[PDB]
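So this first bit is one chain, no partners, the form deposited in one PDB entry, shown in structure tokens.
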């Protein structure tokens, strides 16, 4: 089963298609929407349903130019690393042996290892956090989490912040592995994100069940001649 297999019906529902209509309208009404339409579903492009190993929930896409490109917490090459991602990198440096501060914030290489970087809201108006929160995206990502819970086995969920925690509140804690911490945002990171030991902990779960660990040092696409 692929994502389209299990979401094809869901994507024919009016809530979902009305959501896309609204986005498509706002893009043509003098408002910039992030990320670009071709990137909205990049988390699904880069880690297929059967490849999901670790799910990390974000909430809103980043709302500045060059930041959002369809992966929770990630930014494009050449963009400054946002404070939430810098705090994640700090926890990584304090816990993953050999890890050092990346010089970029691009996390595609996580996604390609089975890390589903899923924002619960998949678009946003430029400069206006949460501006599409009351469209249909939360409904859609509810269904996505529900399908991973049902169709997959042994997934680690990293739930950061009250919003993400609620969002995954009914995941099967037997068949899957749920880890909670406050959010890596500067407003909450010292309240429990630091010391959470989620990157190591996820890897040990994976290893325990015979799966390979995530290489958490993210890498940029290379150059060709």
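Numbering follows the first chain given and starts at 1.
Another form exists, deposited with a partner chain bound; not displayed. Remarks below refer to it.
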Discussion item. Can you confirm whether 146, 173 and 180, the three residues that make up this candidate site, all sit within 4.5 Å of the partner chain in the deposited complex, judged by heavy atoms?
Written reply: no
Worksheet item: Does the partner chain get within 4.5 angstroms of any non-hydrogen atom of residue 26 in the deposited complex?
Response: no
Worksheet item: With the partner left out of view, is residue 140 within 4.5 angstroms of the partner chain in the deposited complex by any non-hydrogen atom?
Response: yes
Worksheet item: Any chance residue 20 has a heavy atom within 4.5 Å of the partner chain in the deposited complex?
Response: yes
Worksheet item: Taking the shortest heavy atom distance, is residue 123 within 4.5 Å of the partner chain in the deposited complex?
Response: no
Response to the item:
Heavy atom within 4.5 Å of the partner chain in the deposited complex, from candidates 53, 63, 69, 198, belongs to 63
